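S.K.: So that we are looking at the same thing, I have put the structure below in structure tokens.
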Amino acid sequence: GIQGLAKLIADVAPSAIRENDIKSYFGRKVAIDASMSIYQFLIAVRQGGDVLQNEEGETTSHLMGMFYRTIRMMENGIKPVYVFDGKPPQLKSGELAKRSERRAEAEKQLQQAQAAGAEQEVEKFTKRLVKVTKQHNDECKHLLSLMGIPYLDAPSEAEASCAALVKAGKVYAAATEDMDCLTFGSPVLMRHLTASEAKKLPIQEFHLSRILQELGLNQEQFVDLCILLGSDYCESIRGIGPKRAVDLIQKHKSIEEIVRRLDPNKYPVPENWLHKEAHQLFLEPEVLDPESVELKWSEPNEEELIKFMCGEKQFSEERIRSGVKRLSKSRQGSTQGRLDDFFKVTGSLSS
Amino acid sequence: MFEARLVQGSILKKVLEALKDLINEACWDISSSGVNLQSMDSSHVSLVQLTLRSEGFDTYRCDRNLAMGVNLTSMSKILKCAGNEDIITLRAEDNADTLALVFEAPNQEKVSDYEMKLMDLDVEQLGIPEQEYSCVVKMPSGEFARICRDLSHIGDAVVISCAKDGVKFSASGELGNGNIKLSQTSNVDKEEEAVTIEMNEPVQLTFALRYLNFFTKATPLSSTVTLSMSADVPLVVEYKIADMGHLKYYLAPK
Amino acid sequence: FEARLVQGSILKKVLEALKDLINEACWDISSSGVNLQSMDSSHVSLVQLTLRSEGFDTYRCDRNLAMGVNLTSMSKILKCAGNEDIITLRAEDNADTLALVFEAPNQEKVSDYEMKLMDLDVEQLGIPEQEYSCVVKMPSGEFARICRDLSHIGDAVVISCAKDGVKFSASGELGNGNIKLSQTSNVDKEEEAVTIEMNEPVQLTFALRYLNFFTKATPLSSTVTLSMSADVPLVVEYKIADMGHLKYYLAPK
Amino acid sequence: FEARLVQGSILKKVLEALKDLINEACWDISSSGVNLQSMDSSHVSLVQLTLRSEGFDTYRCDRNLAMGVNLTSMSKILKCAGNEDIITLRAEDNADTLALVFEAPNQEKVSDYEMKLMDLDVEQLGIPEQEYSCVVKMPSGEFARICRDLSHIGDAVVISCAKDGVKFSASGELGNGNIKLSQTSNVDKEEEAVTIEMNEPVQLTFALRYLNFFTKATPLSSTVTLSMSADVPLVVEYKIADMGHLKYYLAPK
DNA sequence: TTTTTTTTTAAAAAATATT
DNA sequence: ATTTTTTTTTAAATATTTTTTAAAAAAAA
DNA sequence: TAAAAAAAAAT
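Residue numbers (the working numbering), protein chains in the order written: chain A, 1 to 351; chain B, 352 to 605; chain C, 606 to 858; chain D, 859 to 1111.
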């Protein structure tokens, strides 16, 4: 979670963010973080604050939300690779300590607010108490196995796996709300890949190659720039935000030139500030091999998925039947070929 | 520095009525040799290659190369403020942030100046190789618009096959199937109706139909669609604009 | 089954007339010709469509097959034909697909259209021996005008038969609306001729929604042959010149 | 009350003019003629209808009634009329019924339409008579074309009058319209007859959505009369041919 | 042939079930 | 008076349905 | 995992 990166690319390079809709991708393999979608559909999809409690005692909210997201994402021709989250390294343990004390504050404030009877703040601070579990990802990967969409499990982090999937050319893009994929290495990053999307919050297709050309720096210096923005692995220098890190990176390329020309009485270097290992973790992370894995969009079993969602996930028969029929007519037709495959760009045009 | 007096500006109105349903923002590649627009769809499927040469404009005096980023639905709403007889005069000022469009009526009683706003766009210009096509089909434009409008009711994709007898516009969908055959004719008295097919090999391709229905808004320009095909090269849907040039619509197959 | 039709605009106007009132219909294809006694999407109005084999150019049929088709999809396929296109129906013996060949008038643009079919079958209801009391042969553009006028007032038209003419009384939210017709002095065949026969007086209340659906067969024939009696449903007949007739049945309210 | 128009297309075009902005109107008829001074639901613009008794073919009124007519519904009843019907307005002096009898001059269809009229005691706002600065007289198709032109620009038109001619101009977020006409002194009497009655340079801002509802009255006359000055509201006069006039009032922005 | 109109679909509003 | 960063807080859909704005398409003047 | 907004030293 790089603080102030998307705003930096928005106010520096609006040409690099090729803003478009969900109609603009035909047959593009898109490797998506699963855990971002699972938290989005455990937080946004609510029964008034009851997160879709079924008749057996489980949570069917996230399966509902990302099932219909995946059906409308095959309706637009986008081929998803739901890359699941991995076991986080030792550098993200401080960020999960921050998340654990944030959950502790939210739990204490939820127990304060449930006595007060302010039921909207009760809903807010049970929406801030959403935790991913092993059974949530296990039943979600079971749903991916049932509906024929391929999935991957990351060894370390899903953003690194998505970025090396773009880097190997296996997929076209990553679809994360997280901005770490521009530093784990993905040249093309879409954001806000939702199903119900016409004009309300459309796709921010970030381009790492475009911003490295227009600010004039390679991957390692952009990794260092997002260290000084402040990532979720190691801390940043206090007093340096977007514009100061952009100016100091563009005037001083290496991280040693950032460090040694700084007085400690105005810009302190923090204690145990591990920039080298976070640099090596953005350049070479623990990633599963993208050439070794295979991405196959198989035909789903229809009535078995219907009896699964209507026997122990408590859905409607006609709703799941309509969804599997929608994906079946999505996979029936031929793919729509693009025009940049056949014609090559000579040069852009100004105004 | 750019002035383009067009007496027959009805076909300019037809160009911008054809353009607004497909692309919303484009840049005119205005040069001294003519006016061009090579802009691509937002879904990155279809290209519009436009050419209005300087011979068709009756007073063209543009000095240097000018690229003008324009909202084409706004430009078409400006050009809907002229009738079918007015002399649409393109005019651009120094450091042109406005496009002055003078709609002089030919009876010299109504002069409609429309200086309309622009935008900053960075659009790419693709490289089109000038290479010969396998199946060059020259049908009427109204019949092609009719064919695309009928086949859009069945399914979203024609499967167009050229053959020895003629071009076949096969399409299928949830309403069933539809095949439209067009024999090559030469015995008609009108040269617009004569479906001329330049055969090299019989080739079968599949094209989307929303883009083809977007292409067939250019049918009031002239009654000549030059469908040009190859094995995997995109379809050229070429409209002869009357004595300026072409409205070559490109379409990547399926 | 091969039913060639030179005037395919007749079949296109039949499908335009029947697309808004029957969505799924059975097509009782006999050797005598194309026949249809389907009924509407509601349970109010009956449609008796007859297309005899005399108006068809080459009619061939082997067995009395009934095709349950979707009239909306068939009307969208009949919209693909031109207004002068020669339409050749074709049905295979074993395959349940209706092939339509919209041949060009100059026989250039051959338009083969295969249609998928469903298997909806309904019970058949024939003509229940109408006495034909008041037969009002009046122009179809005027009946379409009268129903389009009185649909803007209310959902009740009151039609009264008389010797001097026929009334069309409608009342509702806007107010009273009457439309009175008369005879015609000079003997004119199709247009501007309201000819009425008279056996017993009749005064019935009909809905304007189903009559507005009925008036979509106006480009088929120029004359509406109204026919009604006491407690007998109104027969809006649309006799086509070259073959058959299109009968619209409507129970009074 | 018995008012008869030998050509009722004038009355139908008056109701298609007035149905778009006046929803409820009072028809203050008199023995001198049919008058209306109603004002719209947006309460921004006054409409003056003058229908002289000399233009009526058979006019008769003695009580000088003050009926209040729902105007969209009675425009629907004029939409029930044909374009050449001899329209006979009628109203009995004891009942609140506006009877309308539509008679075709050759065709035998005589249609009677009564109405329910609500009670409307709405006061009159009589405009004074004054000399106007620009009394420009331009064609109605030209003014409809100019208002539909500049309505794509924005909701504001500035109208300038000078020696060369009237100059309509609109500005908005899409562009900047500027329609400059010219004084026409031709003798051949073509489609354009723009005459200037030039007195004093004026420049006033008017809404264009409202002016689109104003120029919905286009097929009443070939020519309009925009009579206006610097502070008074704009007067758009639709001079009906020897039948009366429809004056339209719009306050400037 | 083009108007304007009238009508019929294809985008947003706008909560409710989704459970 | 900016310029810039860093503190708190606020958030994270989907579909079906009905009900609406906007754009067309026949079917006539 | 995102953003806006405001407080507050840097500017």
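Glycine included, every Cβ here is placed at the ideal spot set by N, Cα and C.
Kindly say whether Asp-754(C), judged by its beta-carbon, lies nearer than 8 angstroms to any beta-carbon of chain D.
M.R.: yes
S.K.: How is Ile-479(B) classed by DSSP in three states: helix, strand or coil?
M.R.: Residue state, collapsed to three classes: coil.
S.K.: Can you give me the start and stop residues for the alpha helix (DSSP H) that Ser-1043(D) sits inside?
M.R.: Counting along the chain, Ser-1043(D) falls outside any alpha helix (DSSP H), and DSSP gives it neither H nor E.
S.K.: Around the C-beta of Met-723(C), are 16 or more other C-beta atoms found within 10 angstroms, so that it is buried, or is it exposed?
M.R.: exposed
S.K.: Do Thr-1042(D) and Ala-1051(D) come within 8 angstroms of each other at the CB atom, strictly closer than that value?
M.R.: yes
S.K.: Measure the alpha-carbon distance for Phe-408(B) versus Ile-985(D) and round it to whole angstroms.
M.R.: 52 angstroms
S.K.: When you check each C-beta in the region 393 to 410 of chain B against every C-beta of chain A, which residues fall closer than 9 angstroms?
M.R.: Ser-393, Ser-394, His-395, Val-396, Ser-397 and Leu-398
S.K.: Can you name the residues of chain D whose CB is closer than 9 angstroms to the CB of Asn-435(B)?
M.R.: Chain D residues near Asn-435(B): none, gap ~12 angstroms exceeds 9 angstroms.
S.K.: Among residues of its own chain, excluding the 5 on either side of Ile-498(B), which ones have a beta-carbon nearer than 6 angstroms to its beta-carbon?
M.R.: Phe-520 and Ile-531
S.K.: Can you list, in chain order, the residues of its chain with a C-beta nearer than 8 angstroms to that of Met-720(C)? Leave out the 5 residues immediately preceding and following it.
M.R.: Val-674, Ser-678, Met-679, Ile-682, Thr-702, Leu-703, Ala-704 and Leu-705
S.K.: Which residues, in chain order, does the region 361 to 381 of chain B contribute to contact with chain A at a C-beta distance below 8 angstroms?
M.R.: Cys-378 and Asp-380
S.K.: What distance in whole Å lies between the Cβ atoms of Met-36(A) and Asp-178(A), which are believed to be in contact at a cut-off of 8 angstroms?
M.R.: That belief holds up - the Cβ atoms of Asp-178(A) and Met-36(A) are roughly 7 angstroms apart, short of 8 angstroms.
S.K.: Starting from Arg-609(C), follow the beta strand (DSSP E) in both directions and report where the run begins and ends.
M.R.: Residue range 607 to 610 is occupied by the beta strand (DSSP E) that includes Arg-609(C).
S.K.: Of the residues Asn-952(D), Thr-946(D), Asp-979(D) and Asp-951(D), which one's Cα is nearest the Cα of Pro-963(D)?
M.R.: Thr-946(D)
S.K.: Which of helix, strand or coil does DSSP assign to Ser-1018(D)?
M.R.: strand
S.K.: Which residues of the region 332 to 343 of chain A have a Cβ closer than 9 angstroms to any Cβ of chain B? Give them in chain order.
M.R.: Per Cβ criterion, the list reads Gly-333, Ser-334, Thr-335, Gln-336, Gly-337, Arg-338, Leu-339, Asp-340, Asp-341, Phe-342 and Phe-343.
S.K.: CB-CB under 7 angstroms to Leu-373(B), same chain, minus the five flanking residues each way: which ones, in chain order?
M.R.: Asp-392, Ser-397, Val-399 and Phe-565
S.K.: According to DSSP, which residues form a beta bridge with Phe-454(B)?
M.R.: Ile-439(B) and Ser-463(B)
S.K.: Three or more C-beta pairs closer than 8 angstroms, one from the region 118 to 130 of chain A and one from the region 41 to 52 of chain A: is that the case here?
M.R.: The region 118 to 130 of chain A is in contact with the region 41 to 52 of chain A.
S.K.: If we require 4 or more residues per run, which alpha helix (DSSP H) segments fall completely within the region 4 to 66 of chain A?
M.R.: For the region 4 to 66 of chain A, whole alpha helix (DSSP H) runs of length 4 or above, ordered along the chain, are 6 to 12 and 34 to 43.
S.K.: Going by DSSP, what residue range makes up the beta strand (DSSP E) through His-207(A)?
M.R.: 203 to 207
S.K.: Hey, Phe-84(A) and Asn-20(A) are a contact pair by Cβ (cut 8 angstroms); roughly how many whole angstroms apart?
M.R.: Their Cβ separation, rounded to whole angstroms, is 27 angstroms, which puts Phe-84(A) and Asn-20(A) out of contact at 8 angstroms.
S.K.: Looking only at its chain, what residues have a beta carbon closer than 7 angstroms to the beta carbon of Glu-552(B), apart from the 5 residues adjacent to it on each side?
M.R.: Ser-485
S.K.: For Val-132(A) and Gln-40(A), what's the separation of their Cα atoms in angstroms?
M.R.: 11 angstroms
S.K.: Between the region 1022 to 1042 of chain D and chain B, which residues of the former have a C-beta closer than 7 angstroms to a C-beta of the latter?
M.R.: Against chain B - using a Cβ distance shorter than 7 angstroms - the residues of the region 1022 to 1042 of chain D are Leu-1032, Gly-1033, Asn-1034, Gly-1035, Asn-1036, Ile-1037, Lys-1038, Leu-1039, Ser-1040 and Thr-1042.
S.K.: For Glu-747(C), return the contacting residues in chain D, with the cut-off set at a CB-CB distance below 9 angstroms.
M.R.: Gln-965 and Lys-967
S.K.: Is it the case that the region 134 to 148 of chain A contacts the region 62 to 82 of chain A, given that we only count it when at least three CB pairs across the two stretches are under 8 angstroms?
M.R.: Touching, yes, given that three or more Cβ pairs across the two stretches are closer than 8 angstroms.
S.K.: Run the CB neighbour count on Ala-154(A), radius 10 Å, all protein chains shown included, and call it buried at 16 or more, exposed below.
M.R.: buried
S.K.: Which value, in whole angstroms, describes the spacing of the CA atoms of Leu-110(A) and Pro-88(A)?
M.R.: 28 angstroms
S.K.: Decide if the region 17 to 31 of chain A is in contact with the region 166 to 177 of chain A; the criterion is three or more beta carbon pairs, one per stretch, under 8 angstroms apart.
M.R.: yes
S.K.: Using a Cβ-Cβ distance under 8 angstroms, would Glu-795(C) count as near chain D?
M.R.: Not closer than 8 angstroms to any Cβ of chain D, the Cβ of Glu-795(C) fails to qualify, so no.
S.K.: Applying a beta-carbon distance threshold of less than 9 angstroms, which residues of chain D neighbour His-757(C)?
M.R.: Under the 9 angstroms cutoff, chain D gives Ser-931, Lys-934, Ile-935, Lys-937 and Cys-938.
S.K.: Let me make sure I understand the geometry here. Which of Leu-146(A), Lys-167(A) and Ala-104(A) has the alpha-carbon closest to that of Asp-289(A)?
M.R.: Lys-167(A)
S.K.: For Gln-642(C), name the three-state secondary structure that DSSP assigns.
M.R.: coil
S.K.: Per DSSP, which residues does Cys-884(D) bridge with? Please list them.
M.R.: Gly-926(D)
S.K.: Taking the alpha carbon of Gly-1033(D) as the reference point, which residue from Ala-433(B), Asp-464(B) and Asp-414(B) has its own alpha carbon closest?
M.R.: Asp-464(B)
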